[PDB]
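To start, the structure under review is shown below, and the notes come after it.
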Amino acid sequence: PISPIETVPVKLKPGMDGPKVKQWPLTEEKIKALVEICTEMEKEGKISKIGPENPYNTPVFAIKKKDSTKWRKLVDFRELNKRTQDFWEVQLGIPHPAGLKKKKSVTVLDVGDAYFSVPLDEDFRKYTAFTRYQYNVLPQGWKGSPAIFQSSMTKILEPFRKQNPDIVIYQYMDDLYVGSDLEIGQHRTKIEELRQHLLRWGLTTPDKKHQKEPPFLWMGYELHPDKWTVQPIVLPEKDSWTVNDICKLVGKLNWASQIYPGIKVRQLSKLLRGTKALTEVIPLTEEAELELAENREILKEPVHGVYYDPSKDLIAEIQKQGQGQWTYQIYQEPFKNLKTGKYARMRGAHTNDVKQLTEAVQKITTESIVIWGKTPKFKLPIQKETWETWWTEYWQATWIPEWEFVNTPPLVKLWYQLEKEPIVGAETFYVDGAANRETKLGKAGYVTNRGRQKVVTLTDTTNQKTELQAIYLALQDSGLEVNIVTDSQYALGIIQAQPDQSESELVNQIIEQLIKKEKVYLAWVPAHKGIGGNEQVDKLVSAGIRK
Amino acid sequence: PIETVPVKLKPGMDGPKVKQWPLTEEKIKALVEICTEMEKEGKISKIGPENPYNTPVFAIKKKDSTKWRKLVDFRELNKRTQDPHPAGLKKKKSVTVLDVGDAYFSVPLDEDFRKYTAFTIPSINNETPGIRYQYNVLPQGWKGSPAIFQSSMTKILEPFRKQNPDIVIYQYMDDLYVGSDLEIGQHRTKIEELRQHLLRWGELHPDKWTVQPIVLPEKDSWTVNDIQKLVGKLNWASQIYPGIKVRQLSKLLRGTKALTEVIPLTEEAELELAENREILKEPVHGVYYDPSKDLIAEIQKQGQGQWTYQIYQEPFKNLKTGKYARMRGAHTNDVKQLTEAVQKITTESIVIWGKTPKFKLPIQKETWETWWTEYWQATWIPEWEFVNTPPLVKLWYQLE
DNA sequence: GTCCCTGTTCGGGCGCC
DNA sequence: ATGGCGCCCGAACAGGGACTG
Ligand SMILES: [Mg+2]
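Here the protein sequences line up with chains A and B, keeping their order. Take the first sequence: its letters are residues 1 to 131, 143 to 558, numbered as in the entry's author numbering. Take the second sequence: its letters are residues 4 to 86, 95 to 213, 233 to 430, numbered as in the entry's author numbering.
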């Protein structure tokens, strides 16, 4: 029927009015499906007939439901949504089965005719006109229908939740997961109390969508009594993938990484750079062909998750793969994963593996607070000494919650360390770079305290690139130990962060040199202040491109 | 009973639309309990998605107590809300910070403005969509709450300020700052006397706050590296103190020398260094507090539990430069230390200038937003941005 | 001021319900 | 057609440092 719940007052945006769009032709099979629905809805008071006194109109269409038998009536309210007010969405996330606690009895039931059972604001029904009826209930394709149904459902369940605080009801759209610590027979009674409570508010629960035995179909999973699994994921077997086919592959792999450990999508996602066409085809690289093959081998293996025990602690263990990728597993008992995941977001032009580990810990922590409301204890592949070295010398405030080291390679380490004091017996290089804004010409070079001088001319460069080119030049022409003095806090700040990877090949070449060195000391002096021998190198690189 | 005061927003701006961040189970359970009690007493009312405004919310458990306090991050709404400081407060021996936030729940709020005070209570694992509320009375943490209640606040503290003229009672947001020159012991007796005075309706020491001046190294033997680090530090300090000169020191580096080469300081160069030290002792000239501008606060992590900070409004025009020390152990939390550091700096600005500073925090944005609520303890929240600080200002205020 | 570099937020595409 | 969340990417922004005469 129609819910006797109060309607949600909805207004339009100021200075705007209803939509006025005509209807497009449709197939006879779709016209039959609509007249079979509109005539029955009109008798249920869900849609009311109008006349010439309603200048508004909106085109409609119909598609096949998940059951592939009944027709879902969709309206193209794309013009009404532009002129409809803004709502605050109440659906703050997606429930995950790893956050479900163990219950003795579980029921998964859906509400029949969700939108079409919740009344619509009377003053707003004018704009919902279509050729002629108008919606008296929540229509599909409207901006406010999801938020209004989700809030109305919460209003309806509120008396039942207050009366039954120990029955857990996972409410997502019209689907209801109901768990209880009661015996099977006493649980069935509580379900009927819930079905009678919903029916009181005009919400029906047809038996066709009333699951009573495991495995329950819920949110794309299969809920068993002591475990859960994800519905099968078929990867598109093709020969020449396109831009749209790669997203379908990566999007499914990301969905699979929630329970399948070891999923990587770096090189696959890297192939979508610079493209501007959805149907564009791209030659698949060889490093991505190996990445897709090993992903396929994991999905062939079976895997499943467990449920959350509040009495036990949460444990998250992170492994490391190449290309700056990370995989994690959250469990409470060894080799009984509640959930898995992956992290591979490149943050920053320059970074190392300790930053990336810190970022993965933060992502997992926030993710764990959503699902379980608490923070997990970590198992990180980094030595306590390596972490103490980093956070003591790093200028930013960084921190990792309670964790423990695990001897599972590849270990996370810093590939080089800058000296704190100048190196005795090491040649002192005074580097500097300069570039011209107009001609884009520049010169990088150095001056040593032993008489050596070199100046390298550069074309199509910037002032900051010449400073890095000078440091790179000193590293190339020095021994295993070297002192470098630069006037560039840009280049100093980059190198002092101890990066091991960069979007810049110039920095990558600098990183490769710094790992070969045994001792490096980098100092900073102000530019254009007569300090030697920064004054000597400044005159060399400025000759011909400045003043 | 009491009529409301009509309040509107600033011209050309809409209300806040800020997403709620994830909350732990203990915070959500505390918020649900507090909200149900506030809803029963008519302080807040449920609302739906037809309200397009939102403002974050969380809770904090103060010290060793079984009581939680609800905290609404209303600083985004305060910036959009329509618009003498006691100079003697910073010169009191002891200052107690009282929370009079409960007093705002007696005055109703303008109905047309309630739509902007909306907040959402999340659920664990998204069992339930967000359950939204709005305020019916003066909300805690809002700029308008102390202003509308200012008339009623003075009428309560008037018999206490009269009988205690040597006591300075200042109000900022939900807090009431009470300072005195009384002996420690009699001071608490008076604070309890004021607490009893407030129940008829319904520990700082600013005298010991110090400044951390810029200090130069003192050595018996100087190298080219030591002098280069000194010239660069003086070259920066001369931007704050125009009397700093570095001519005689920089000429000792004339040439292309090794960093470890020992340089003997000349008479004129060592005179220049001794004169530069006396300049750093002098206070900065031409620094006048502008109440119409924001207070900028930079913080540098010096390591080993050391934290330096500078409060200013114009570049190189520091109103105060202090330092903050803490634990020197291995069980140190940078985020916990930084959160305590911003609460001390903010509390000083409220006592000194009665204004909150805009912090430039040297922390990754995600690192801060993940844990900063776990250590917060104040009823207010200052504005902040996240900096990728130069490794230079860390060296300039670094102690030796 | 302009020009460079870097970090964040934004709305596209796909995936999931 | 709509809403949520996720991932990835590239546009637009803001904030800071170095530079010309
Ligand atoms: Mg230079």
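Each residue gets a CB set at the ideal place from its N, CA and C atoms; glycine is no exception.
Mind checking residue i: buried by the 16 CB within 10 Å criterion, or exposed?
i	result
A:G453	buried
A:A98	buried
A:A554	exposed
B:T338	buried
A:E29	exposed
B:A62	buried
A:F346	exposed
A:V435	exposed
B:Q197	exposed
B:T27	buried
A:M164	buried
A:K388	exposed
A:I195	exposed
B:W406	buried
A:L289	exposed
B:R143	buried
A:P4	exposed
A:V245	exposed
B:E169	exposed
Where does residue i sit, in a helix, a strand or coil, going by DSSP?
i	result
A:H208	helix
A:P157	helix
B:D113	helix
B:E194	coil
A:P170	helix
B:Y339	strand
B:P412	coil
A:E233	strand
residue 136 of chain A	No coordinates exist for residue 136 of chain A in the structure shown, because the numbering of chain A passes directly from 131 to 143.
A:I5	coil
B:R143	strand
B:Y405	helix
A:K366	helix
B:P387	strand
B:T58	coil
A:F124	helix
A:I411	coil
Excluding sequence positions up to five away, which residues of its chain have a Cβ less than 6 Å from the Cβ of residue i?
i	result
A:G190	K103, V106, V179
A:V108	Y188, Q222, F227, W229
A:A33	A62, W71
A:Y501	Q475
B:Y354	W337, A371
B:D76	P59, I411
A:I37	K73
A:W153	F77
A:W24	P59
A:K530	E430, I434, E492
Kindly list the residues whose CB is nearer than 7 Å to the CB of residue i, restricted to its own chain and excluding five residues on each side of it in sequence; keep chain order.
i	result
A:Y271	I309, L310, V314, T351
B:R78	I411, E413
B:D110	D185, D186, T409
A:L26	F61
A:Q343	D320, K323, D324, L325, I326, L349
Give me, in chain order, the residues of the same chain whose beta-carbon lies closer than 8 Å to that of residue i; leave out the 5 immediate sequence neighbours on both sides.
i	result
B:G316	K347
B:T290	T253, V254, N255
B:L246	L260, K263, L264, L303, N306, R307, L310
Contiguous beta strand (DSSP E) assignments of at least 3 residues, all confined to the segment 328-359 of chain A:
336-344, 347-354
Those residues, in chain order, that have a beta-carbon closer than 6 Å to some heavy atom of ligand 1
A:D443, A:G444, A:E478, A:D498, A:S499, A:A538
Which runs of the alpha helix (DSSP H), 4 residues or longer, sit entirely within the segment 488-512 of chain A?
500-507
Those runs of the alpha helix (DSSP H) which lie wholly inside the segment 372-406 of chain A and span at least 4 residues:
395-404
With a floor of 4 residues, list each alpha helix (DSSP H) that falls wholly inside the segment 429-488 of chain A, ordered by position along the chain.
474-487
Unbroken stretches of the alpha helix (DSSP H), 4 residues or longer, contained in the segment 228-286 of chain A
254-267, 277-281
So within the segment 527-558 of chain A, which uninterrupted beta strand (DSSP E) runs reach at least 3 residues, ignoring any that extend past its ends?
530-535
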